[PDB]
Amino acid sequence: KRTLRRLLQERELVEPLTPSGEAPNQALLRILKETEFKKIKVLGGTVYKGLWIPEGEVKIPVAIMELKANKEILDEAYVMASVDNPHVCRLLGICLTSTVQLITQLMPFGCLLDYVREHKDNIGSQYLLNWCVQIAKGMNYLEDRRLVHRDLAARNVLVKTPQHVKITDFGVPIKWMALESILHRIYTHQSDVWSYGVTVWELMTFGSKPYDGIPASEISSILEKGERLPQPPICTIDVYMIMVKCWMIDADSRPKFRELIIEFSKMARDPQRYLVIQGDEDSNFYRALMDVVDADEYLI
C-alpha cells in the first residue's frame, strides 16, 4: 500500500494537513450589474447617493463608491462584507466594471445628525438613550473584530427606523479626534471612545457643532489645558459624567465600549431620570427619495 517513498511523492500532490480549527468566513459577496442601480446625487475616486433596483422585484438606498490599485478596493470590500452586526452597516455588493465599484447600504431616514436637527423638539429621553446603547454595541462589535473606525460621528450613524441606528461604513475630523490622535496620529479603540463621547454630545445637543468657530489648529491646546465640550441642558450630571470620562487625556482612563453598553442600558431602563426634556412623557432624506425599502429588510 502506502510505502514511505510513495508518501513523499504525494506530498507533491497533497499539501500537508494542519487544521487551525478557525471559523470559516462564510460572508456573501454579491456581484451587481451596473444597469441595476442609478446614481442620483454626488456625495464626494468619487461617491454617489443612489438607489439599487433589482430587475423584476423595490428601490434600495445605496451609496456607490467609484474609485492598478485594485488590491486596495477589493481588500476593503472583503472586510466590509464580513461585518455582521445589527448596528453596523454592511457592504451590499460590488460591480466589476473597469473601475471597480463598492455598493454599501444607506438608511431610508438618513444620518442621525440631520435627524436630531429636524426632530429636535420631538425626541424623548428614551429614544436618545437607546441610540447610545446601539452605537456602543456597534462600536463594541468592531472592537471584537479589532477594527478601529477612526471617524465615529453623528453624521456617520444612520436611521434605519426611529428605534434602530447603524454606524455607517468607514469609507481628518479634528473636533471628534482624541488628543493622542491629533498629536501623534495614534488610533485605537480608545481613541474611538473619545469620538463616541463627542457623538453622544451631538445627539444630546440636538445637532450642535462641537467647538464652534474655534480653529482646528487651536483644538489640541484647549484640550491640554483641560477644557472639554459643555454639559448639554437636558443632561443630568450622570449622563454628562460619562461623556467627560471619554475625554480623559489618558486613553486607559476612558471607559470601554462593553462598559458603555451597560451604563447607557441602565439609563435607557429609566430614561426620564437621566435626561430632562420638556414635554417628555419621516425625515428630509426620507422624502428626498420616495417602494423605498432598506436592504436588511429586502434580503435575509
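Start at 1 and count along the sequence shown; that's the residue number.
Colleague: Just how many deposited residues go unmodelled from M290 to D291: none, 1 to 3, 4 to 9, or 10 or more?
Modeller: Count of unmodelled residues in between: 4 to 9.
Colleague: Are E57 and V58 truly consecutive in the deposited sequence, or are residues between them missing coordinates? Give the number as none, 1 to 3, 4 to 9, or 10 or more.
Modeller: Gap size class: 1 to 3 residues without coordinates, per the record.
Colleague: Averaged over C-alpha atoms, is the B-factor higher for 125-133 or for 144-152 in this PDB entry?
Modeller: According to the entry, 144-152 carries the higher average C-alpha B-factor.
Colleague: Quick check on the record: does 225-233 or 183-191 carry the larger mean Cα temperature factor?
Modeller: Looking at the record's C-alpha B-factors, the answer is 183-191.
Colleague: By the CA temperature factor listed in this entry, which of these ranks top: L260, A27, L275, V42?
Modeller: Within the set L260, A27, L275, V42, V42 shows the top C-alpha B-factor.
Colleague: Among the modelled residues of this chain, does the Cα B factor of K68 put it in the lowest, middle or highest third?
Modeller: Highest third - that is where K68 ends up once the chain's C-alpha B-factors are sorted.
Colleague: Can you work out whether the C-alpha temperature factor of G171 puts it in the lowest, middle or highest third of the chain?
Modeller: Highest third.
Colleague: Among the modelled residues of this chain, does the Cα B factor of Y196 put it in the lowest, middle or highest third?
Modeller: Its C-alpha B-factor belongs to the lowest third of this chain's values.
Colleague: Sorting the chain's CA B-factors, does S265 end up in the lowest, middle or highest third?
Modeller: It belongs to the lowest third of the chain when residues are ordered by C-alpha B-factor.
Colleague: Compare the C-alpha B factor of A77 with those of the other modelled residues in its chain, then answer lowest, middle or highest third.
Modeller: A77: CA B-factor falls in the highest third of its chain.
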